[PDB]
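A lone chain, given as structure tokens: the form deposited in one PDB entry.
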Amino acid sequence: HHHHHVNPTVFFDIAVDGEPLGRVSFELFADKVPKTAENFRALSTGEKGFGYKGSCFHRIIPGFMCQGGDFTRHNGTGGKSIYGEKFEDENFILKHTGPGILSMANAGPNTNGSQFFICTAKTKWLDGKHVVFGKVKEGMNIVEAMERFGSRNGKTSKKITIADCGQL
């Protein structure tokens, strides 16, 4: 409790058709977007009784992004934040600068839930529309591997799951 705040690191252990693939770790920018970082962090630990463990990446577009976090409906129509209701766009300080950016999916202004995406390219046209709140720290190669199972319409050709997740 005497330490300065450190941006949390969380991990996903990814599986492909049930076969362990590897671990992706993320830095969450709690210093810039504390409410948005906290949502993701707690969903990743499962400490509130729900979150990402066992959920899938339902939409993967090679060259663009991997989208997941729909732990309720498994298809992009669900998800829930830790706050109950969808929550606000905290800020747009951080931009979509390149591969590895972690950003919130949404359905328009102030509609953040649990769905998120991991960029595999620079996606600057999302700036000011999606809240960037973290970045891949380790295991970007695992993201690259999983991205190969996507397709132009986003449908995955193998089932990509978060077998385990938590905080490092």
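So that there is no doubt, residue numbering starts at 1 and follows the sequence shown.
A second form of this protein, the form solved in complex with a small molecule, is not displayed here; the remarks below concern that form.
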Please run the contact check for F117 against the small molecule in the deposited complex: heavy atoms, 4.5 angstroms, yes or no? yes
Spell out, yes or no, whether the shortest heavy atom distance between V131 and the small molecule in the deposited complex is within 4.5 Å. no
Given that the partner is absent here, does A105 sit within 4.5 Å of the small molecule in the deposited complex, heavy atoms only? yes
The small molecule contact at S55 in the deposited complex, heavy atom, 4.5 Å: no
